[PDB]
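Before any comments, here is the structure.
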Amino acid sequence: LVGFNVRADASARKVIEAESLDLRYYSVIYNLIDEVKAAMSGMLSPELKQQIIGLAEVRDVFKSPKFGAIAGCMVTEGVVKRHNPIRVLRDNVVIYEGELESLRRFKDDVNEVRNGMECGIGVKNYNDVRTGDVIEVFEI
RNA sequence: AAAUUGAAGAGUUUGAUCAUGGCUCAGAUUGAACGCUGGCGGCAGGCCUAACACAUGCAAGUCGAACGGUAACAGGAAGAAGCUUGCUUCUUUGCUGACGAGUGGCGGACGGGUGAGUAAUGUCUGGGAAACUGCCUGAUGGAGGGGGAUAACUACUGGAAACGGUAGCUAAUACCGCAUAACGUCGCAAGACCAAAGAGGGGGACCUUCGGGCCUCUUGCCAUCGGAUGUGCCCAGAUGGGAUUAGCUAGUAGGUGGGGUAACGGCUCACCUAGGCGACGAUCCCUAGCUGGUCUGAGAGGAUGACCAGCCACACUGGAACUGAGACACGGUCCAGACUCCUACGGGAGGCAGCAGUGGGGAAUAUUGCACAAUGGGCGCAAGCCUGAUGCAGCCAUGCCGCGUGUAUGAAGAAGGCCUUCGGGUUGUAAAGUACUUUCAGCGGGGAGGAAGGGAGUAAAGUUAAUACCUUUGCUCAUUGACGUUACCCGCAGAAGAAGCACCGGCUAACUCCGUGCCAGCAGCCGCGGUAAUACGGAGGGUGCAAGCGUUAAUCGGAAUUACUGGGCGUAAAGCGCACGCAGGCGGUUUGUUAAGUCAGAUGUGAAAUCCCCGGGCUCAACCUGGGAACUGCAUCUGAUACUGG
RNA sequence: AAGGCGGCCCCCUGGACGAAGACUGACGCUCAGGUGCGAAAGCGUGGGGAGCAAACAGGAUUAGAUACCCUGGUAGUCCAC
RNA sequence: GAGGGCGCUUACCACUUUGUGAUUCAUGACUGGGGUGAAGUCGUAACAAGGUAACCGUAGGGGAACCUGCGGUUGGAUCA
RNA sequence: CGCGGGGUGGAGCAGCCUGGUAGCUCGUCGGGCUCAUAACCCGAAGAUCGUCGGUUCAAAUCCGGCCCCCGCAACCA
């Protein structure tokens with residue numbers, strides 16, 4: 743609720759103060775035209791990645807009851823993290839996408855795995871694990 | 001003579017019926033809104049919502065006959081000059097007609113606004129006793145002799161403003177002693193004690209210190225007892241709902257005494273008693289200003305409390321008192337709160353629920369108008385001044401009432417439209433044509449009443465020394481209307497500028513075609529819509545209203561559907577599963593008594609307006625108005641004693 | 001009084017009705033609130049438990065059959081408070 | 001001197017503050033049942049003796065209407 | 001090398017420690033009921049009882065191997 747020039751009425755204050763709202767008055771139109779745009783710019787929710795945190799290739803799949811699969815991995819570059827989103831692609835095209843639920847090496851279940859260290863991975867809603875594909879994890 | 005001498009039912013449950021029972025309609029009414037439409041006038045009505053907030057103007061002043069007075073403007077004047085020698089401009093001085101600022105008096109407690117608060121320091125009805133009461137009024141007397149101040153003003157000074165600080169100085173009907181003092185207050189009495197003010201108009205001998213004395217009348221001042229009006233106080237009844245609120249109460253209820261008020265009083269305080277209220281509804285909770293009356297109803301009732309009038313309460317919110325006869329003050333003061341405005345930043349200012357007007361809220365409610373001419377209020381001896389009271393005007397079809405938007409003639413009855421079995425029917429005497437009228441609107445011309453008074457003179461009476469003055473009453477002269485372009489009357493032009501809205505299936509007055517096809521849509525209730533739809537939508541025709549017509553909202557009616565008048569509970573809604581029983585309601589029969597209930601009569605009161613009856617006035621009507629009747633009620637007294645109660 | 005009460009015997013006890021006459025002298029009727037009673041099922045403690053039978057199990061029927069029918073069977077049905 | 005004013009002081013009391021209760025209005029993730037809909041799915045519980053007479057109270061059970069037990073009612077057809 | 005429970009007819013079971021012609025369900029094919037179908041009812045088909053050796057009168061049921069299915073167990077990252 744904006745005005746070029748306005749004051750709040752006695753009956754107006756009661757409503758604005760009660761429910762959650764915003765009262766902002768602007769002397770000039772330029773300060774207004776800028777912030778409305780600002781409101782709009784914020785509205786946007788784009789994730790374009792998005793730099794990769796780590797890239798890993800999976801080999802020798804294993805079976806798990808909970809996630810349905812565990813794909814053995816070897817990190818070639820970067821560091822793999824738990825809650826950071828991943829992009830699963832085969833032959834340069836993305837077969838599947840998601841966010842990691844469990845990162846586990848052996849029975850350790852460490853939250854982080856560096857490059858050139860044996861690593862393990864599993865995710866829900868991923869049916870088919872094939873060798874030769876590479877999983878790309880990226881921070882946001 | 002008359003003055004409540006008045007009362008309707010319909011649709012819808014079923015295949016059909018009767019009953020039961022709700023829903024719905026015809027009616028009146030409205031401070032209305034919205035939709036379509038819209039010519040004039042008279043009278044009325046107009047923020048129902050936000051007791052929301054308010055810019056600006058205006059809404060409370062007035063008296064020079066209380067007072068010192070001049071600063072404005074107006075004259076006048078010794079004396080300056082305008083001097084063109086009677087015309088004059090300015091320097092002066094309140095000399096006076098007046099009058100800014102000031103003291104003083106009376107009014108700012110009325111008039112006007114609102115309904116927040118209040119189920120009672122309210123209202124209504126009817127009564128009480130302990131009181132005050134300006135202005136106006138009757139009665140009887142005073143009105144003597146003094147004193148110290150002060151605003152204005154002057155000088156110095158602080159502030160942006162609001163508004164101040166010093167010291168001077170002065171008047172009075174400002175203020176205070178002193179005297180006087182009862183048919184006054186206190187007191188059994190003896191006694192004791194209390195007030196005040198002048199100001200004007202005119203004038204005969206008489207005269208001064210030329211101010212006046214003195215003469216006279218008007219007016220104001222003081223006291224006391226009254227009248228009238230106003231107000232305070234007390235008691236009884238009535239005046240909303242709720243028990244899904246049953247207990248409430250320490251100034252509480254009373255007593256004594258002191259204090260207190262204008263006055264009675266736990267009004268207040270001390271002490272004492274332990275009461276007081278409550279199921280006949282206390283306490284608590286919700287809501288609300290009360291009435292006359294208004295709307296509805298045959299009535300009894302139901303609903304309601306704008307406009308008019310009476311009472312109350314409030315004045316931004318909470319609290320407080322000061323002044324005053326009156327206020328705990330609507331445009332006063334003080335404090336606190338909320339809020340707003342001004343500021344030179346240090347400080348100031350204000351309160352529309354007065355009249356217009358603005359923002360806001362809302363479906364919705366008007367012009368920042370004219371005039372004090374009339375009625376009425378404040379001040380004044382008056383003249384007069386003030387009066388958003390009031391009288392008027394503007395806006396809105398908001399309502400009521402009136403009138404117009406033409407009258408008469410006009411036929412095979414045209415054209416067009418609509419229906420039709422293509423014969424004709426209809427729109428329809430409707431239109432055109434023909435004469436004719438001119439309300440209203442337009443335009444010119446004329447012209448009541450609302451005006452009574454007040455002003456100069458005059459004359460007579462009462463006054464008085466007086467023909468003055470004063471006051472009353474006659475006379476003449478010249479005058480006073482905001483509305484206003486008034487009402488109304490005459491003239492001119494031409495039918496000329498003036499008709500829309502809803503409805504037509506039954507209830508319910510009004511029927512057909514085409515389009516659509518369980519769609520689009522209608523619908524107060526039943527219920528319409530799938531190929532003939534009088535129910536949708538258009539058309540033609542018709543019905544009902546008419547400057548309105550419909551829709552919505554709203555009260556009562558019909559509703560005997562809360563049934564007092566005036567209903568029900570076996571099977572329709574409704575007998576507690578049964579009994580005992582307090583309170584309560586009701587109670588057999590005789591006598592006497594009582595006389596509360598009940599009945600009778602008398603008296604007072606029941607405001608006016610409204611309603612109703614018969615009249616009167618605006619061309620009629622609405623509207624205004626005279627008189628009556630009515631207010632079915634309350635209270636006091638006196639009776640009656642059958643019935644109820646004791 | 002209603003709920004309800006049934007073999008036989010005794011004990012304690014309430015009410016109803018009739019006959020006759022005496023006594024009291026309106027002591028009456030109704031009853032919001034209050035109090036008491038109140039089938040069956042159900043609840044608590046402890047008893048009791050033949051028959052019946054919610055639940056539950058099994059056998060059948062049926063398209064299904066958490067039922068109706070059958071074989072069993074716990075609470076309960078019985079006693080005291 | 002008397003008397004007054006100011007100041008101080010005491011009483012009453014508005015705003016205000018603190019603690020804890022009561023009550024009422026609005027609103028709340030979610031959840032319960034209720035009402036209303038042209039047509040949907042499952043069955044068929046009631047109306048006939050409705051194919052196990054129904055209903056009332058109660059208790060237990062079950063997708064659902066319901067079923068079952070106990071007592072009560074007739075507002076049960078047939079009685080041959 | 002590593003646990004569980006099973007192998008009977010087309011499919012799933014019962015017959016088990018209680019060793020003497022293997023019966024009970026769904027399907028299969030017929031028959032019956034109906035106007036007809038579903039449903040239901042009468043019925044017949046259908047077997048080295050996994051496969052062997054042991055053991056015995058006769059062992060479905062008796063033991064142990066070969067072997068298979070399921071069970072969780074596991075490919076437990």
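If you read the first sequence in PDB author numbering, its first letter stands for residue 743, the second for the next number, and so on.
Cβ atoms here follow ideal geometry from the backbone N, Cα and C, with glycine treated the same way.
- Look at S783 here: in three-state DSSP terms it is helix.
- Straight across, the Cα-Cα distance linking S844 with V821 is about 15 Å.
- Beta bridge pairing from DSSP links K823 with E854.
- Within the model, the alpha-carbon separation for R846 versus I775 is close to 51 Å.
- Spanning the alpha carbons of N834 and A798 requires a straight line of approximately 14 Å.
- Counting the other Cβ atoms within 10 Å of the Cβ of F746 gives fewer than 16, which makes it exposed.
- Taking a contact to require three or more Cβ pairs closer than 8 Å, the stretch 810-819 and the stretch 850-863 qualify as touching.
- In the three-state reduction of the DSSP assignment, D802 falls in the strand class.
- For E878, there is no enclosing alpha helix (DSSP H); the residue is found in the beta strand (DSSP E) stretching over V876 to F880.
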